[PDB]
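Participant: Next comes the structure file work_6.txt, holding compact mmCIF, C-alpha atoms.
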```txt
# COMPACT_ATOMS: atom_id res chain seq x y z
CA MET P 1 42.14 -7.45 45.68
CA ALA P 2 43.19 -10.94 46.80
CA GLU P 3 43.68 -10.57 50.59
CA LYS P 4 40.78 -8.18 51.29
CA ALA P 5 38.43 -10.21 49.09
CA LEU P 6 39.67 -13.30 50.93
CA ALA P 7 38.50 -11.66 54.19
CA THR P 8 34.87 -11.36 53.13
CA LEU P 9 34.94 -15.01 52.04
CA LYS P 10 36.25 -16.23 55.40
CA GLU P 11 33.34 -14.46 57.08
CA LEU P 12 31.05 -17.09 55.56
CA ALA P 13 33.23 -20.01 54.43
CA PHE P 14 33.65 -21.26 58.00
CA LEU P 15 29.97 -21.32 58.88
CA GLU P 16 28.90 -24.68 60.26
CA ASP P 17 25.24 -24.55 59.15
CA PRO P 18 24.65 -21.68 56.69
CA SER P 19 21.23 -20.58 55.54
CA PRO P 20 20.57 -20.69 51.77
CA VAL P 21 21.31 -16.93 51.65
CA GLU P 22 24.66 -17.19 53.43
CA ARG P 23 25.64 -20.15 51.27
CA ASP P 24 24.84 -18.38 47.96
CA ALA P 25 26.76 -15.37 49.27
CA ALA P 26 29.76 -17.56 50.16
CA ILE P 27 29.71 -18.90 46.61
CA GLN P 28 29.66 -15.39 45.14
CA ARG P 29 32.59 -14.36 47.34
CA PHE P 30 34.52 -17.46 46.42
CA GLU P 31 34.07 -16.39 42.79
CA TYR P 32 35.60 -12.95 43.08
CA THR P 33 38.22 -14.15 45.54
CA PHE P 34 39.28 -16.85 43.09
CA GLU P 35 39.56 -14.41 40.21
CA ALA P 36 41.66 -12.05 42.32
CA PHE P 37 43.69 -14.99 43.53
CA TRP P 38 44.82 -16.46 40.19
CA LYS P 39 45.45 -12.97 38.85
CA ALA P 40 47.83 -12.22 41.72
CA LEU P 41 49.66 -15.51 41.08
CA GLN P 42 49.80 -14.73 37.33
CA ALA P 43 51.34 -11.26 37.96
CA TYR P 44 53.73 -12.69 40.52
CA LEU P 45 54.92 -15.46 38.18
CA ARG P 46 55.34 -12.83 35.47
CA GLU P 47 57.28 -10.27 37.50
CA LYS P 48 59.27 -12.47 39.88
CA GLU P 49 59.85 -15.63 37.79
CA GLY P 50 59.53 -14.46 34.18
CA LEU P 51 56.98 -17.20 33.64
CA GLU P 52 53.83 -16.42 31.67
CA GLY P 53 50.53 -18.21 32.22
CA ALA P 54 47.30 -17.27 30.45
CA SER P 55 44.63 -19.34 32.22
CA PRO P 56 43.87 -20.26 35.86
CA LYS P 57 45.02 -23.86 35.27
CA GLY P 58 48.19 -22.87 33.45
CA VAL P 59 49.11 -20.40 36.16
CA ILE P 60 48.56 -23.03 38.83
CA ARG P 61 50.82 -25.49 36.91
CA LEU P 62 53.58 -22.84 36.72
CA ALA P 63 53.06 -21.95 40.40
CA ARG P 64 53.60 -25.67 41.11
CA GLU P 65 56.76 -26.05 39.08
CA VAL P 66 58.29 -22.95 40.63
CA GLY P 67 57.48 -24.28 44.06
CA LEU P 68 54.85 -21.71 45.06
CA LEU P 69 52.48 -24.65 45.39
CA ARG P 70 53.36 -28.06 46.73
CA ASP P 71 51.86 -30.81 44.57
CA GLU P 72 49.00 -31.33 47.04
CA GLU P 73 48.20 -27.61 47.16
CA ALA P 74 48.36 -27.54 43.34
CA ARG P 75 45.76 -30.29 43.02
CA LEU P 76 43.47 -28.62 45.54
CA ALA P 77 43.95 -25.45 43.40
CA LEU P 78 43.01 -27.25 40.17
CA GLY P 79 39.91 -28.51 41.92
CA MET P 80 39.19 -24.91 42.79
CA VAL P 81 39.21 -24.01 39.09
CA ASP P 82 36.73 -26.79 38.31
CA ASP P 83 34.41 -25.74 41.17
CA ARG P 84 34.64 -22.22 39.77
CA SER P 85 33.15 -23.55 36.53
CA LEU P 86 30.25 -25.03 38.50
CA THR P 87 29.19 -21.98 40.57
CA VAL P 88 26.76 -20.90 37.87
CA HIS P 89 24.80 -24.15 38.29
CA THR P 90 24.48 -23.87 42.07
CA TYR P 91 20.77 -23.44 41.82
CA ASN P 92 20.81 -27.10 42.89
CA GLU P 93 21.08 -27.43 46.66
CA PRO P 94 23.23 -30.54 46.19
CA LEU P 95 25.93 -28.77 44.17
CA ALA P 96 25.67 -25.57 46.21
CA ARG P 97 26.08 -27.54 49.46
CA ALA P 98 28.89 -29.59 47.89
CA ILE P 99 30.78 -26.45 46.77
CA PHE P 100 30.27 -24.87 50.20
CA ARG P 101 31.86 -27.92 51.85
CA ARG P 102 35.07 -27.23 49.97
CA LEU P 103 35.29 -23.49 50.64
CA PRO P 104 37.06 -23.96 54.01
CA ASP P 105 40.11 -25.52 52.36
CA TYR P 106 40.08 -23.09 49.43
CA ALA P 107 40.03 -20.17 51.86
CA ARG P 108 43.01 -21.55 53.79
CA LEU P 109 44.99 -22.47 50.66
CA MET P 110 44.57 -18.99 49.20
CA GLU P 111 45.41 -17.29 52.48
CA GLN P 112 48.61 -19.31 52.76
CA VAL P 113 49.67 -18.87 49.16
CA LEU P 114 49.08 -15.13 49.18
CA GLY P 115 51.26 -14.96 52.28
CA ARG P 116 54.30 -16.49 50.60
CA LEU P 117 53.81 -14.05 47.71
CA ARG P 118 55.12 -11.19 49.89
CA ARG P 119 58.20 -11.04 47.59
CA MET T 1 13.69 -25.03 36.17
CA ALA T 2 14.51 -21.52 34.96
CA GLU T 3 11.27 -20.41 36.62
CA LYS T 4 12.40 -22.10 39.83
CA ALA T 5 15.82 -20.51 39.69
CA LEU T 6 14.09 -17.20 38.99
CA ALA T 7 11.79 -17.81 41.96
CA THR T 8 14.75 -17.79 44.34
CA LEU T 9 16.16 -14.62 42.76
CA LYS T 10 12.85 -12.85 43.34
CA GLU T 11 13.14 -13.64 47.07
CA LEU T 12 16.08 -11.21 47.19
CA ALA T 13 15.92 -8.92 44.15
CA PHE T 14 13.30 -6.56 45.59
CA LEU T 15 14.96 -5.82 48.97
CA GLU T 16 15.21 -2.08 49.61
CA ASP T 17 18.21 -2.41 51.94
CA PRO T 18 19.90 -5.83 51.79
CA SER T 19 22.62 -6.78 54.22
CA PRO T 20 25.99 -7.36 52.51
CA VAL T 21 25.28 -11.12 52.64
CA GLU T 22 21.83 -10.66 51.11
CA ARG T 23 23.29 -8.50 48.29
CA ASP T 24 26.05 -10.95 47.37
CA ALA T 25 23.51 -13.78 47.47
CA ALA T 26 21.16 -11.85 45.16
CA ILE T 27 23.99 -11.36 42.70
CA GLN T 28 24.84 -15.08 42.82
CA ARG T 29 21.19 -15.98 42.10
CA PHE T 30 21.08 -13.51 39.23
CA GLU T 31 24.08 -15.36 37.70
CA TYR T 32 22.58 -18.82 37.94
CA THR T 33 19.16 -17.56 36.95
CA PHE T 34 20.44 -15.81 33.79
CA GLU T 35 22.39 -18.93 32.86
CA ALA T 36 19.15 -20.92 33.17
CA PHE T 37 17.29 -18.16 31.36
CA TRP T 38 19.34 -17.88 28.17
CA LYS T 39 19.64 -21.67 27.97
CA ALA T 40 15.84 -22.01 28.09
CA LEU T 41 15.52 -19.33 25.41
CA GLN T 42 18.15 -21.17 23.34
CA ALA T 43 16.32 -24.50 23.67
CA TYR T 44 13.01 -22.88 22.81
CA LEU T 45 14.36 -21.19 19.66
CA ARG T 46 15.99 -24.40 18.51
CA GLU T 47 12.87 -26.52 18.99
CA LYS T 48 10.13 -24.01 18.15
CA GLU T 49 11.68 -21.68 15.56
CA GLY T 50 14.36 -23.79 13.92
CA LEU T 51 16.97 -21.27 15.06
CA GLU T 52 20.24 -22.53 16.63
CA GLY T 53 21.94 -19.81 18.68
CA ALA T 54 25.29 -20.50 20.33
CA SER T 55 25.94 -17.53 22.63
CA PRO T 56 23.90 -15.58 25.19
CA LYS T 57 23.89 -12.42 23.03
CA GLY T 58 23.39 -14.46 19.88
CA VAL T 59 20.36 -16.10 21.46
CA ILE T 60 18.96 -12.74 22.66
CA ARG T 61 19.22 -11.13 19.18
CA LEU T 62 17.47 -14.15 17.63
CA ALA T 63 14.68 -13.95 20.19
CA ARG T 64 14.23 -10.29 19.28
CA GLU T 65 14.18 -11.03 15.56
CA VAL T 66 11.47 -13.63 16.28
CA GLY T 67 9.20 -11.39 18.32
CA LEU T 68 9.83 -12.89 21.76
CA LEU T 69 11.53 -9.68 22.88
CA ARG T 70 10.47 -6.12 22.08
CA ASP T 71 13.40 -3.91 21.15
CA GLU T 72 13.47 -2.42 24.65
CA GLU T 73 13.54 -5.79 26.41
CA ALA T 74 16.32 -6.96 24.11
CA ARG T 75 18.51 -4.04 25.04
CA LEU T 76 17.94 -4.81 28.75
CA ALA T 77 18.70 -8.50 28.18
CA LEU T 78 21.99 -7.61 26.49
CA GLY T 79 22.93 -5.50 29.48
CA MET T 80 22.26 -8.55 31.68
CA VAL T 81 24.87 -10.40 29.69
CA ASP T 82 27.49 -7.78 30.42
CA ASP T 83 26.58 -7.72 34.13
CA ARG T 84 26.57 -11.49 34.58
CA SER T 85 30.24 -11.31 33.70
CA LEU T 86 31.19 -8.20 35.70
CA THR T 87 29.85 -10.30 38.56
CA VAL T 88 33.46 -11.52 38.65
CA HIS T 89 35.49 -8.85 40.52
CA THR T 90 32.37 -7.96 42.48
CA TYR T 91 33.80 -6.93 45.84
CA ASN T 92 33.83 -3.64 43.98
CA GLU T 93 31.07 -2.27 46.19
CA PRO T 94 30.16 0.32 43.54
CA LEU T 95 29.68 -2.46 40.96
CA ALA T 96 27.93 -5.00 43.16
CA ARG T 97 25.61 -2.18 44.24
CA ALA T 98 24.98 -1.05 40.65
CA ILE T 99 24.06 -4.61 39.65
CA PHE T 100 21.81 -5.11 42.67
CA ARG T 101 19.99 -1.91 41.69
CA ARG T 102 19.17 -3.47 38.33
CA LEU T 103 17.94 -6.83 39.69
CA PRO T 104 14.31 -5.74 40.03
CA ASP T 105 14.12 -5.00 36.25
CA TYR T 106 16.14 -8.09 35.29
CA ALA T 107 13.90 -10.31 37.41
CA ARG T 108 10.73 -8.76 35.96
CA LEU T 109 12.04 -9.03 32.37
CA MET T 110 12.90 -12.74 32.68
CA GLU T 111 9.54 -13.49 34.34
CA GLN T 112 7.76 -11.85 31.39
CA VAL T 113 9.85 -13.54 28.69
CA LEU T 114 9.66 -17.01 30.26
CA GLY T 115 5.92 -16.45 30.46
CA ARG T 116 5.81 -16.12 26.67
CA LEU T 117 7.76 -19.31 26.08
CA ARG T 118 4.72 -21.16 27.42
CA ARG T 119 1.41 -19.27 27.16
```
Can you turn what I pasted into structure tokens?
Facilitator:
Amino acid sequence: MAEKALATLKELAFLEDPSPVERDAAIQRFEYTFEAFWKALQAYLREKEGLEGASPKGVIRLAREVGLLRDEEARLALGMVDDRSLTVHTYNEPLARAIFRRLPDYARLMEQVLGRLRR
Amino acid sequence: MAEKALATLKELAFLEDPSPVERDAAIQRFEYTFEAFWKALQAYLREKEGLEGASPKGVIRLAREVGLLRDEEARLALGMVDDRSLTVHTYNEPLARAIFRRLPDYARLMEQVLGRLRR
């Protein structure tokens, strides 16, 4: 689901001044895009590297050691996992706006990583 | 707090034909409203009934066994718990749409219950 889910996210993640509706929607899409994203990395690491990761953070650490993620990408990824744990408290405009400000980078990172995963 | 989160969910829950952005936003607000909702229930049971629940379903059963929720409401509440988690791989149009269809009842249930934690 990665790529296609990533497409719906990009529709809103690059909005300069989103309304509260668009913003909440961008957060929801980030959620399901994230889940599809770490799952694709997990399966890839399993099938192509023989490395097994159980959680989003563990998979990112293995993706880093194998080279799928440069150290900087890795850290941005780990930040993505933490923001994922905060989406359920985005009733607060501050948080919500703060998460939305990071979506641009997350969208690009995921798009670029998925690309390399083409085998 | 939970009533304010719930207020923003009501702005979208009752739309007959939401745009795709309005539907994803309504699902996001259901997630952060339910989180606020079971936490409020949990706090209330702890402080007013000497009952410490530690999980969303655990808190819902306790509220039922204390009279806050009729048996029907409790079954709906438990279904909310399952949905708030399926809200993960949501670009599953069928699923997102099935959850949206239930928002009017979820929103009305939470409004009622929260109303009993005060009056």
Participant: List every protein, DNA or RNA residue that has at least one atom no more than 12 Å from (23.1, -17.8, 24.6) in the file's coordinates, counting all atoms listed in the file, and write the result as a PyMOL selection string.
Facilitator: chain T and resi 34-46+51-63+77-78+80-81
Participant: Looking at T:84, T:97, T:116, T:4, which one is nearest to residue 28 (chain T), with distances taken over all atoms listed in the file?
Facilitator: T:84
Participant: Using all atoms listed in the file, determine which residues lie at most 6 Å from residue 24 (chain T), disregarding the query and same-chain residues fewer than 3 positions distant; provide the list as number ranges by chain.
Facilitator: P: 25; T: 21, 27
Participant: May I have the residues within 8 Å of residue 87 (chain T) as a list in words, using only C-alpha atoms and disregarding those fewer than 3 positions away in the same chain?
Facilitator: residues 32 of chain P; 27, 31, 83, 84, 90 and 96 of chain T
Participant: Please measure the separation of CA of residue 76 (chain T) and CA of residue 3 (chain T), giving the value in Å to one decimal.
Facilitator: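 Here the two named atoms are 18.7 Å from each other.
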Participant: Could you pull the residues within 10 Å of residue 103 (chain P), counting all atoms listed in the file, minus those fewer than 4 positions along the same chain, as an NGL selection string?
Facilitator: :P and (9-10 or 12-14 or 26-27 or 30 or 80 or 83 or 98-99 or 107-109)
Participant: Fit chain T to chain P, using all C-alpha atoms paired in sequence order for the least-squares superposition, and then show me the result as a compact mmCIF listing (two decimals) with C-alpha atoms, in the frame of the given file.
Facilitator:
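Final output, selection_5.txt:
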```txt
# COMPACT_ATOMS: atom_id res chain seq x y z
CA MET T 1 43.17 -6.64 46.89
CA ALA T 2 43.10 -10.43 46.61
CA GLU T 3 43.71 -10.50 50.37
CA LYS T 4 40.78 -8.14 50.84
CA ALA T 5 38.51 -10.19 48.63
CA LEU T 6 39.68 -13.26 50.53
CA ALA T 7 38.94 -11.47 53.81
CA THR T 8 35.25 -11.24 52.92
CA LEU T 9 35.14 -14.90 51.89
CA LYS T 10 36.53 -15.91 55.27
CA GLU T 11 33.60 -14.12 56.95
CA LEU T 12 31.33 -16.82 55.50
CA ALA T 13 33.44 -19.84 54.57
CA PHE T 14 33.66 -21.26 58.10
CA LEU T 15 29.93 -21.22 58.99
CA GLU T 16 28.76 -24.60 60.28
CA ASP T 17 25.14 -24.05 59.23
CA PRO T 18 24.66 -21.12 56.83
CA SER T 19 21.22 -19.92 55.87
CA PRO T 20 20.49 -20.37 52.14
CA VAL T 21 21.36 -16.68 51.63
CA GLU T 22 24.64 -17.05 53.53
CA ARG T 23 25.58 -20.13 51.44
CA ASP T 24 24.88 -18.50 48.08
CA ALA T 25 26.80 -15.42 49.23
CA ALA T 26 29.77 -17.56 50.27
CA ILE T 27 29.81 -19.17 46.85
CA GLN T 28 29.70 -15.75 45.16
CA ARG T 29 32.67 -14.57 47.26
CA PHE T 30 34.59 -17.72 46.44
CA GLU T 31 34.13 -16.87 42.72
CA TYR T 32 35.37 -13.31 42.97
CA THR T 33 38.10 -14.28 45.39
CA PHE T 34 39.47 -17.05 43.12
CA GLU T 35 39.39 -14.67 40.17
CA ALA T 36 41.46 -12.21 42.23
CA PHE T 37 43.64 -15.07 43.43
CA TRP T 38 44.75 -16.58 40.12
CA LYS T 39 45.24 -13.10 38.65
CA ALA T 40 47.58 -12.18 41.51
CA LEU T 41 49.47 -15.44 41.02
CA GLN T 42 49.65 -14.71 37.28
CA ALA T 43 51.01 -11.19 37.87
CA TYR T 44 53.52 -12.48 40.39
CA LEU T 45 54.85 -15.20 38.06
CA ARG T 46 55.15 -12.75 35.20
CA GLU T 47 57.04 -10.14 37.22
CA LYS T 48 59.06 -12.35 39.58
CA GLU T 49 59.74 -15.54 37.60
CA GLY T 50 59.60 -14.42 33.99
CA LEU T 51 56.74 -16.86 33.40
CA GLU T 52 53.66 -15.70 31.43
CA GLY T 53 50.65 -17.92 32.12
CA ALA T 54 47.37 -17.29 30.31
CA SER T 55 44.79 -19.51 32.01
CA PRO T 56 43.85 -20.30 35.62
CA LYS T 57 45.07 -23.92 35.33
CA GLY T 58 48.08 -22.84 33.30
CA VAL T 59 49.00 -20.37 36.03
CA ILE T 60 48.50 -22.99 38.79
CA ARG T 61 50.78 -25.57 37.08
CA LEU T 62 53.48 -22.91 36.62
CA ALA T 63 53.25 -21.93 40.28
CA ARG T 64 53.72 -25.58 41.19
CA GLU T 65 56.70 -25.97 38.88
CA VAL T 66 58.21 -22.90 40.58
CA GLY T 67 57.77 -24.07 44.15
CA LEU T 68 54.95 -21.74 45.19
CA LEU T 69 52.58 -24.70 45.50
CA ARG T 70 53.37 -28.14 46.91
CA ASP T 71 51.93 -30.94 44.80
CA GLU T 72 49.01 -31.33 47.20
CA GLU T 73 48.08 -27.64 47.15
CA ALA T 74 48.25 -27.63 43.36
CA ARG T 75 45.76 -30.44 43.09
CA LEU T 76 43.39 -28.54 45.42
CA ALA T 77 43.85 -25.33 43.42
CA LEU T 78 42.96 -27.16 40.20
CA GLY T 79 39.79 -28.42 41.83
CA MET T 80 38.94 -24.79 42.69
CA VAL T 81 39.08 -24.02 39.01
CA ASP T 82 36.51 -26.67 38.21
CA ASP T 83 34.24 -25.51 41.05
CA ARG T 84 34.42 -21.81 40.19
CA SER T 85 32.76 -22.79 36.94
CA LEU T 86 30.20 -25.28 38.29
CA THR T 87 29.15 -22.26 40.32
CA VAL T 88 26.98 -21.62 37.25
CA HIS T 89 23.90 -23.90 37.57
CA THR T 90 24.24 -23.70 41.34
CA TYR T 91 20.63 -23.90 42.49
CA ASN T 92 21.58 -27.56 42.38
CA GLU T 93 21.43 -27.79 46.16
CA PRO T 94 23.68 -30.88 46.11
CA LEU T 95 26.34 -28.94 44.17
CA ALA T 96 26.10 -25.63 46.01
CA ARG T 97 26.35 -27.63 49.24
CA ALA T 98 29.33 -29.66 48.00
CA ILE T 99 31.17 -26.45 47.06
CA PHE T 100 30.34 -24.76 50.36
CA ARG T 101 31.80 -27.79 52.14
CA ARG T 102 35.10 -27.18 50.38
CA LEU T 103 35.29 -23.43 51.09
CA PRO T 104 37.17 -23.81 54.38
CA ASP T 105 40.08 -25.59 52.58
CA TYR T 106 39.97 -23.26 49.57
CA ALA T 107 40.06 -20.20 51.83
CA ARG T 108 42.95 -21.62 53.88
CA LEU T 109 44.91 -22.61 50.74
CA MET T 110 44.64 -19.15 49.16
CA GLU T 111 45.59 -17.45 52.45
CA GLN T 112 48.74 -19.60 52.60
CA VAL T 113 49.72 -19.10 48.96
CA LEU T 114 49.12 -15.34 48.97
CA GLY T 115 51.24 -15.25 52.10
CA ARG T 116 54.17 -16.66 50.11
CA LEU T 117 53.83 -14.11 47.33
CA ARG T 118 54.97 -11.51 49.87
CA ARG T 119 56.99 -12.88 52.81
```
Participant: Interatomic distance between CA of residue 67 (chain T) and CA of residue 33 (chain T)?
Facilitator: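 Result for CA of residue 67 (chain T) versus CA of residue 33 (chain T): 22.0 Å, one decimal.
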Participant: One number please: CA of residue 20 (chain P) to CA of residue 102 (chain P), in Å, one decimal.
Facilitator: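 CA of residue 102 (chain P) lies at a distance of 16.0 Å from CA of residue 20 (chain P).
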Participant: Hey, which of T:47, T:111, T:65, T:93 ends up closest to chain P? Count all atoms listed in the file.
Facilitator: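 Ranked by minimum distance to chain P, first place goes to T:93.
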Participant: Point out the residue among P:86, P:66, P:91, P:49 with the least atom-to-atom distance to chain T, counting all atoms listed in the file.
Facilitator: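 Among the listed residues, P:91 lies closest to chain T.
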Participant: Which residue out of P:110, P:88, P:72, P:82 has the minimum interatomic distance to chain T when all atoms listed in the file are used?
Facilitator: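 Counting all atoms listed in the file, the residue closest to chain T is P:88.
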Participant: Measuring atom to atom with only C-alpha atoms, identify which of T:73, T:68, T:29, T:15 is nearest to chain P.
Facilitator: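 Once distances to chain P are computed over only C-alpha atoms, the minimum belongs to T:29.
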Participant: Would you please work out which residue, of T:104, T:18, T:79, T:50, is nearest to chain P when using all atoms listed in the file?
Facilitator: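 Result for the nearest residue to chain P: T:18.
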Participant: As a CSV table (one decimal), in the frame of the given file, please: region 83-111 of chain P completed to N, CA and C atoms.
Facilitator:
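Output below, filename result-v1.csv:
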```csv
chain,number,residue,atom,x,y,z
P,83,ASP,N,35.6,-26.2,40.4
P,83,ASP,CA,34.4,-25.7,41.2
P,83,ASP,C,34.0,-24.3,40.7
P,84,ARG,N,34.9,-23.6,40.3
P,84,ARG,CA,34.6,-22.2,39.8
P,84,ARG,C,33.8,-22.3,38.5
P,85,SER,N,34.0,-23.4,37.7
P,85,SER,CA,33.2,-23.6,36.5
P,85,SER,C,31.8,-24.1,36.9
P,86,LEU,N,31.6,-24.5,38.1
P,86,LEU,CA,30.2,-25.0,38.5
P,86,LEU,C,29.4,-24.0,39.3
P,87,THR,N,29.9,-22.9,39.8
P,87,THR,CA,29.2,-22.0,40.6
P,87,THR,C,27.9,-21.4,39.9
P,88,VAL,N,27.9,-21.4,38.6
P,88,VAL,CA,26.8,-20.9,37.9
P,88,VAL,C,25.6,-21.9,37.8
P,89,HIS,N,25.8,-23.1,38.3
P,89,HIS,CA,24.8,-24.2,38.3
P,89,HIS,C,24.4,-24.5,39.7
P,90,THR,N,24.8,-23.6,40.7
P,90,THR,CA,24.5,-23.9,42.1
P,90,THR,C,23.1,-23.6,42.5
P,91,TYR,N,22.2,-23.6,41.5
P,91,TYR,CA,20.8,-23.4,41.8
P,91,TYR,C,20.3,-24.7,42.5
P,92,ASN,N,21.1,-25.8,42.3
P,92,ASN,CA,20.8,-27.1,42.9
P,92,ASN,C,21.4,-27.2,44.3
P,93,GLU,N,20.6,-27.3,45.3
P,93,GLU,CA,21.1,-27.4,46.7
P,93,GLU,C,22.2,-28.4,46.8
P,94,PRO,N,22.1,-29.6,46.1
P,94,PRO,CA,23.2,-30.5,46.2
P,94,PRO,C,24.6,-29.9,45.9
P,95,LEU,N,24.7,-29.4,44.6
P,95,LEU,CA,25.9,-28.8,44.2
P,95,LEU,C,26.3,-27.7,45.1
P,96,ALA,N,25.4,-26.7,45.3
P,96,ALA,CA,25.7,-25.6,46.2
P,96,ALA,C,26.2,-26.0,47.6
P,97,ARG,N,25.6,-27.0,48.2
P,97,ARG,CA,26.1,-27.5,49.5
P,97,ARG,C,27.4,-28.2,49.3
P,98,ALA,N,27.6,-28.9,48.2
P,98,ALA,CA,28.9,-29.6,47.9
P,98,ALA,C,30.0,-28.6,47.7
P,99,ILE,N,29.7,-27.5,47.0
P,99,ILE,CA,30.8,-26.4,46.8
P,99,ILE,C,31.1,-25.8,48.1
P,100,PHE,N,30.1,-25.5,48.9
P,100,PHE,CA,30.3,-24.9,50.2
P,100,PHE,C,31.2,-25.7,51.1
P,101,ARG,N,31.1,-27.0,51.0
P,101,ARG,CA,31.9,-27.9,51.8
P,101,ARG,C,33.3,-27.8,51.5
P,102,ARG,N,33.7,-27.4,50.3
P,102,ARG,CA,35.1,-27.2,50.0
P,102,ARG,C,35.6,-25.9,50.3
P,103,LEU,N,34.8,-24.8,50.4
P,103,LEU,CA,35.3,-23.5,50.6
P,103,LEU,C,36.3,-23.3,51.8
P,104,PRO,N,36.1,-24.1,52.9
P,104,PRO,CA,37.1,-24.0,54.0
P,104,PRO,C,38.5,-24.1,53.5
P,105,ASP,N,38.8,-25.2,52.9
P,105,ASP,CA,40.1,-25.5,52.4
P,105,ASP,C,40.6,-24.5,51.3
P,106,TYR,N,39.7,-24.1,50.4
P,106,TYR,CA,40.1,-23.1,49.4
P,106,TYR,C,40.5,-21.8,50.1
P,107,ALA,N,39.7,-21.4,51.1
P,107,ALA,CA,40.0,-20.2,51.9
P,107,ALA,C,41.4,-20.3,52.5
P,108,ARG,N,41.7,-21.4,53.1
P,108,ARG,CA,43.0,-21.6,53.8
P,108,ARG,C,44.1,-21.6,52.8
P,109,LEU,N,44.0,-22.4,51.7
P,109,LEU,CA,45.0,-22.5,50.7
P,109,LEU,C,45.4,-21.1,50.1
P,110,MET,N,44.3,-20.3,49.8
P,110,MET,CA,44.6,-19.0,49.2
P,110,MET,C,45.2,-18.0,50.2
P,111,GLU,N,44.8,-18.1,51.4
P,111,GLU,CA,45.4,-17.3,52.5
P,111,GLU,C,46.9,-17.6,52.6
```
